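Chains A, B, C and D, in that order, give the protein sequences. When we follow the numbering used here, the leftmost residue of the first sequence carries the number 6, and every step to the right adds one. When we follow the numbering used here, the leftmost residue of the second sequence carries the number 28, and every step to the right adds one. When we follow the numbering used here, the leftmost residue of the third sequence carries the number 94, and every step to the right adds one. When we follow the numbering used here, the leftmost residue of the fourth sequence carries the number 21, and every step to the right adds one. By construction, the Cβ of each residue, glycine as well, lies at the ideal position given by its N, Cα and C atoms. Working notes, structure below.
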Amino acid sequence: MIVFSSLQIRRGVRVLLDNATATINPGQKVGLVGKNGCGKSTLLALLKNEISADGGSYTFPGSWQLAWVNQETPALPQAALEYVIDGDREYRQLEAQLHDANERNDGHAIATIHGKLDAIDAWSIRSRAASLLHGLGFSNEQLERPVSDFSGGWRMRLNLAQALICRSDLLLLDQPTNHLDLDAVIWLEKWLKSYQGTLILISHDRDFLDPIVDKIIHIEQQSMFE
Amino acid sequence: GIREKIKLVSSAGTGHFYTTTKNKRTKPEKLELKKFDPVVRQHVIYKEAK
Amino acid sequence: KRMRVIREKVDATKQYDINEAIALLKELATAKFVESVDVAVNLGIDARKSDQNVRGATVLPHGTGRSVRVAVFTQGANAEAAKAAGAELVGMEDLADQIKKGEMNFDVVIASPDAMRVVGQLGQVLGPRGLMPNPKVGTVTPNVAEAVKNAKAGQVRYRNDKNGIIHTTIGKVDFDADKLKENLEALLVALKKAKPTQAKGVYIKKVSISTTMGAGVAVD
Amino acid sequence: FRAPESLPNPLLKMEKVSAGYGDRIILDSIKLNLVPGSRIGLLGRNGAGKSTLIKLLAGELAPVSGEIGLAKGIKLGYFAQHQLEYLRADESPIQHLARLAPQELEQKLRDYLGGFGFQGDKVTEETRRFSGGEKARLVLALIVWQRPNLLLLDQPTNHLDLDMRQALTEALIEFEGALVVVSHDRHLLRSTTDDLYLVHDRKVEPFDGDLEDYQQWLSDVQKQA
RNA sequence: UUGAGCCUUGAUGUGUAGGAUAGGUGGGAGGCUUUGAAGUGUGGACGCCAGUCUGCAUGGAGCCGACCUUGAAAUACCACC
Ligand SMILES: Nc1ncnc2c1ncn2[C@@H]1O[C@H](COP(=O)(O)OP(=O)(O)OP(=O)(O)O)[C@@H](O)[C@H]1O
Ligand SMILES: Nc1ncnc2c1ncn2[C@@H]1O[C@H](COP(=O)(O)OP(=O)(O)OP(=O)(O)O)[C@@H](O)[C@H]1O
Ligand code: NA
Ligand code: NA
């Protein structure tokens, strides 16, 4: 139910799309194919609501929750559990306002924020994140380990399980099998082929893309061919 | 030719804009001028949009 | 036997009357207990959205089913009315930190606007169990004595689920059928006043009266 | 790739390597030297030290035991796996390659860069601004320039395009000097690599068979659970 | 033969430390066995291969709440799911 109509996304001096239109119906897994330095991550950012459409009106249903995986995972000192729990937003924001309320002494706000937290599962978030991370390998000793080292193919599992912790409606996966083994690629596709919400994917792997994609958007020459 | 047409709108909360042109493939930025707003009769900041 | 006799005695294809159903439920009398009756009403609300949180309270004059000791927690001179309230709990800023570790809690909580220690100490213990102060529900209010008085009268509370349902207490099977009706109607009126704003559709899809040790049936 | 001198016959002195990363021990055993001209591919699961070994051979991770050695005249070519953000972010490609070729060269040193896909004013700015694909292409362009004779590739085809993959494979097939590359795709390892070592548990071994045997060998490990 | 939807019934599902494959709300702290208890002989199916699991008799008439580590707290049972 998402529509791009005369998008015209320009990036500083350079223009990525001149004027291009496409549609994605709900409950349909879509792939994005282009070149290197083409605009696929730019489109994902546009959906992520950071960049400016420059006259596109990309409107998609506003009652949706978006879980995304970005391209670059930097070196961070936060533990694995903190990195995974950070993915479930609306909890970090709530706790930020709660910290402000605690250090400003707003009695109404304390009870308000506690009620909001109790609305969602909240206190069981650590258990939920551990149960999720247990399926992607891991035992228990890496939970407090920092994400700074964590090999290269395990950091990918970290920031890939950072997305499955919120039960979203739109899943934006950007190159998700970059360092994964054949052990984990199979599990990822088993999950994806059973995914229920709407999924947009970016990958250069034909073998991975063949099973779990319905249609392709090709950004060839400043335009999107579906 | 190559110059587009942009509309810089008041920041003073009223709907009153100035329409002009801008080369969008030579100067990467958004215009941030300041000019008169006859609705409020004060010089305010007009920023480019469309 | 309980799952073998009344299950084949009742039939779920048809509704019953608001009074004949509860009369037959009194007739059931499966357990060797007092068989306090409860109610379960399925609401129409999108539990996925934080906007439609539903939290309220009602008063049932006839039967609450038990007595719950409210613990009023006031910081400073806030205990002036607490000492006269008569709650079974003892409130204290110093007695909060050790109190949480030692004793679990009372049946209710006392909201002290300036005593922000209950939030700082409760955490998993105070909130994860389901006994946290509720500013929107009405647990936190300047009238500490008024809240203490209200809590002792059977301030029936409720909250949604992952399915938007509500279930709570109405009384015992000992209490009369008319008492059950004039409690059900009061609870329903409180719920209908507490209905949120972005609530499309019918707000009551099903209402049921249940024996807490026996078998429940839909009432309306 | 251009033509280096490729003189040193003993590429490195390897003995009692005991690579650990400090807190633990990662690898202790080792395999046959690179014996100029050999082409080896490092198989193995994730978190097994395939990158520790590459960094240890590169000379950016001192072994705890010590004396990992390296020949006198080896020009190293190193392509990190995930630290693609190892090159300085604040510097544009032109003044990035300039500090690698400090003296001589001209403003027409950018003719070299233009042929690699940075063919405009893109040479005058660099940040996260660059996409992942051209950020991975810049590292390759900087590796090629100074005529390496020993290549170390930690999955160089992550963000590369399909045409990028074809060009890199064709160049590697013609490459002269020693080459070590680790990846999961069958196409690179079928055409370039010859030896196909395994990184097992805490040790690196010659291994037997091909990728067909390796992929079943992986699935046979799951019988332990 | 084969899809989708609706009503009903029976199974179905950790984690991290645990007696234990502790789904939510929370009513309860006891009914469940007696149209005849656990265990043993015996399959089925699942199997985060730890373990659930239910057709038959035999055996025949008992074991679960309590207190235990916890984010939680119990399939004691029963509700709406
Ligand atoms: N900087 C580091 N500090 C501590 N431990 C590290 C560091 N880098 C890696 N490790 C650990 O060393 C082991 C191997 O890491 P390494 O990055 O070499 O993996 P790999 O087998 O090459 O796989 P990958 O394809 O993920 O890179 C893992 O257990 C990892 O946690
Ligand atoms: N943050 C940025 N600021 C300015 N320009 C940018 C930025 N990110 C990208 N660009 C420009 O847009 C181009 C495409 O960037 P983008 O990340 O959208 O590419 P892509 O299609 O995702 O490619 P890749 O497959 O290589 O990741 C870049 O080559 C660059 O010219
Ligand atoms: Na990108
Ligand atoms: Na690596």
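Enumerated in chain order, which unbroken segments of the alpha helix (DSSP H) with a length of 4 residues or greater are wholly contained in the stretch 106-157 of chain A?
The alpha helix (DSSP H) runs of length 4 or more contained entirely in the stretch 106-157 of chain A are, from start to end of the chain, 112-124 and 130-140.
Ligand 3 and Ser46(A): does any heavy atom of the ligand fall closer than 7 Å to the residue's C-beta?
Residue mapping note: residue 46(A) aligns to position 41 of the first sequence, counting from 1. Yes, ligand 3 has a heavy atom inside 7 Å of this Cβ.
Consult DSSP for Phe213(A) and reduce its assignment to one of helix, strand or coil.
Within the first sequence, residue 213(A) is the residue found at index 208, counting from 1. Of the three classes helix, strand and coil, the one that applies to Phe213(A) here is helix, per DSSP.
Please name the residues in the stretch 115-144 of chain A whose beta-carbon is closer than 7 Å to at least one beta-carbon of chain C, in chain order.
Listed by position along the chain: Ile115, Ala116, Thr117, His119, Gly120, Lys121, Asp123, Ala124 and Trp128.
I want to know whether the stretch 67-78 of chain D touches the stretch 140-154 of chain D - three or more CB-CB distances under 8 Å.
They do not touch, by the three-pair rule.
Find the residues of chain A that neighbour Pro55(B), judging by a C-beta separation of less than 7 Å, and give them in chain order.
One-based indexing of the second sequence puts residue 55(B) at position 28. Result: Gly17 and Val18.
Considering only C-alpha positions, which residue in the set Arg131(A), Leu48(A) and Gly61(A) is nearest to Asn24(A)?
In the first sequence, counting from the first residue as 1, residue 24(A) sits at position 19. Ranked by Cα distance from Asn24(A), the first of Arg131(A), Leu48(A) and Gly61(A) is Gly61(A).
With the cut-off set at 8 Å, would you say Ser160(C) and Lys265(C) are in Cβ contact?
Locating residue 160(C) in the third sequence gives position 67, where the first residue counts as 1. Locating residue 265(C) in the third sequence gives position 172, where the first residue counts as 1. Between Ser160(C) and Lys265(C), the C-beta gap is not smaller than 8 Å, which leaves the two residues out of contact.
Given that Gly60(A) touches chain B, what residues does it touch there, using C-beta distances under 9 Å?
Walking along the first sequence from the start, residue 60(A) turns up at place 55. Here the neighbours are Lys77.
Along chain D, in chain order, which residues have C-beta atoms closer than 7 Å to that of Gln227(A)?
Here residue 227(A) refers to the residue found at position 222 when the first sequence is read from its first residue. Scanning chain D for C-beta atoms nearer than 7 Å to the C-beta of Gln227(A) yields nothing, as the closest lies near 16 Å away.
Below 6 Å from a heavy atom of ligand 4 - residues by beta-carbon:
With 6 Å as the limit, the residues whose C-beta approaches any heavy atom of ligand 4 more closely are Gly157(A), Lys70(D), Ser71(D), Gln101(D) and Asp174(D), in sequence along the chain.
Starting from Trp69(A), follow the beta strand (DSSP E) in both directions and report where the run begins and ends.
Counting from 1 along the first sequence, the entry for residue 69(A) is found at position 64. Run containing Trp69(A): none; DSSP gives neither H nor E here.
To the nearest angstrom, report how far apart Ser71(D) and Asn169(D) are at their CA atoms.
Against the fourth sequence, residue 71(D) aligns to sequence position 51. Against the fourth sequence, residue 169(D) aligns to sequence position 149. When rounded, the distance between both Cα atoms is 20 Å.
Chain A contact for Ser71(D) (CB, 8 Å cutoff)
The sequence position of residue 71(D) within the fourth sequence is 51, counting from 1. Yes, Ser71(D) counts as interfacial toward chain A.
Contact check, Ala91(D) vs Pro24(D), beta carbons under 8 Å
The residue labelled residue 91(D) in the question sits at position 71 within the fourth sequence. The residue labelled residue 24(D) in the question sits at position 4 within the fourth sequence. No; because the gap between Cβ atoms is not below 8 Å, this pair is not in contact.
Can a CB atom of chain A be found closer than 8 Å to the CB of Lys51(B)?
Taking the first residue of the second sequence as 1, we reach residue 51(B) at position 24. So yes, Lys51(B) belongs to the interface.
With a threshold of 8 Å between beta-carbons, can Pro151(A) be considered close to chain D, or not?
Numbered from its first residue, the first sequence carries residue 151(A) at position 146. So no, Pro151(A) is outside the interface.
Could you check the C-alpha separation between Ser173(A) and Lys245(C) for me, to the nearest Å?
Start at 1 with the first residue of the first sequence, and residue 173(A) comes out as number 168. Start at 1 with the first residue of the third sequence, and residue 245(C) comes out as number 152. Cα to Cα, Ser173(A) sits roughly 43 Å from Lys245(C).
Can you give me the start and stop residues for the beta strand (DSSP E) that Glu59(B) sits inside?
For the purposes of this step, residue 59(B) is taken as residue 32 along the second sequence, with counting starting at 1. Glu59 to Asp64 is the extent of the beta strand (DSSP E) around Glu59(B).
Cβ of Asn66(D) versus every heavy atom of ligand 1: is any distance shorter than 7 Å?
For the purposes of this step, residue 66(D) is identified with residue 46 of the fourth sequence, where counting begins at 1. For ligand 1, at least one heavy atom lies less than 7 Å from the Cβ of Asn66(D).
With a Cβ-Cβ cutoff of 8 Å, do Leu63(D) and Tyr217(D) count as a contact?
Mapped onto the fourth sequence, residue 63(D) falls at position 43. Mapped onto the fourth sequence, residue 217(D) falls at position 197. The beta carbons of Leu63(D) and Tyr217(D) sit closer together than 8 Å.
Span separating the alpha-carbon of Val165(C) from that of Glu95(A):
On the third sequence, residue 165(C) is found 72 positions in, with the first residue counted as 1. On the first sequence, residue 95(A) is found 90 positions in, with the first residue counted as 1. Answer to the nearest angstrom: the Cα atoms are 31 Å apart.
Under 8 Å: do the stretch 163-179 of chain C and the stretch 198-218 of chain C share three or more Cβ pairs, one atom per stretch?
Contact holds: three or more Cβ-Cβ distances are below 8 Å.
Along the chain, where does the beta strand (DSSP E) that runs through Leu136(C) open and close?
The residue you call residue 136(C) lines up with position 43 of the third sequence. Note, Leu136(C): beta strand (DSSP E), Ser129 to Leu136.
Whole angstroms is fine: what's the gap from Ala84(A)'s alpha carbon to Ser153(A)'s?
In the first sequence, residue 84(A) corresponds to position 79, counting from 1. In the first sequence, residue 153(A) corresponds to position 148, counting from 1. About 8 Å.
Closer than 7 Å by C-beta to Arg206(D): which residues in its own chain qualify, once you throw out the five before and the five after it? Chain order, please.
By one-based count along the fourth sequence, residue 206(D) stands at place 186. Closer than 7 Å at the Cβ level, and outside the excluded window around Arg206(D), lie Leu231.
For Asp207(C), return the contacting residues in chain A, with the cut-off set at a CB-CB distance below 9 Å.
Position 114 of the third sequence, counting from 1, holds the residue named residue 207(C). Within chain A, the residues near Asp207(C) are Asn110 and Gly112.
Which residues in the same chain as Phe230(A) place their Cβ atom closer than 6 Å to its Cβ, once the five residues preceding and following it in sequence are excluded?
Numbered from its first residue, the first sequence carries residue 230(A) at position 225. Within the same chain, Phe230(A) has close Cβ partners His223.
I want to check one thing, is the minimum distance from the CB of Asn227(C) to the heavy atoms of ligand 2 below 7 Å?
Along the third sequence, read from residue 1 onward, the residue named residue 227(C) stands at position 134. Because no heavy atom of ligand 2 lies under 7 Å away, the Cβ of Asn227(C) does not count as near it: no.
Rounded separation between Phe155(A) and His102(D) - CA only
Walking along the first sequence from the start, residue 155(A) turns up at place 150. Walking along the fourth sequence from the start, residue 102(D) turns up at place 82. Inter-residue distance for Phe155(A) and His102(D) is about 11 Å (C-alpha atoms, whole angstroms).
Span of the alpha helix (DSSP H), counted from its first residue to its last, around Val89(A):
On the first sequence, residue 89(A) is found 84 positions in, with the first residue counted as 1. According to the DSSP assignment, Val89(A) belongs to the alpha helix (DSSP H) that extends over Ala85 to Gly92.
Helix, strand or coil for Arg59(D) per DSSP?
Walking along the fourth sequence from the start, residue 59(D) turns up at place 39. Three-state DSSP puts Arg59(D) in a strand.
I want to check one thing, is the minimum distance from the CB of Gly153(D) to the heavy atoms of ligand 2 below 7 Å?
By one-based count along the fourth sequence, residue 153(D) stands at place 133. Placement of the Cβ of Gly153(D) at a distance of less than 7 Å from at least one heavy atom of ligand 2 is found.
Starting from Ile302(C), follow the beta strand (DSSP E) in both directions and report where the run begins and ends.
Here residue 302(C) refers to the residue found at position 209 of the third sequence. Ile297 to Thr304 is the extent of the beta strand (DSSP E) around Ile302(C).
Quick one: is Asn75(A) near chain C, going by C-beta distance under 8 Å?
For the purposes of this step, residue 75(A) is taken as residue 70 along the first sequence, with counting starting at 1. No, its Cβ sits nowhere closer than 8 Å to a Cβ of chain C.
DSSP three-state call for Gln235(D): helix, strand or coil?
The residue given as residue 235(D) occupies position 215 in the fourth sequence. It is helical.
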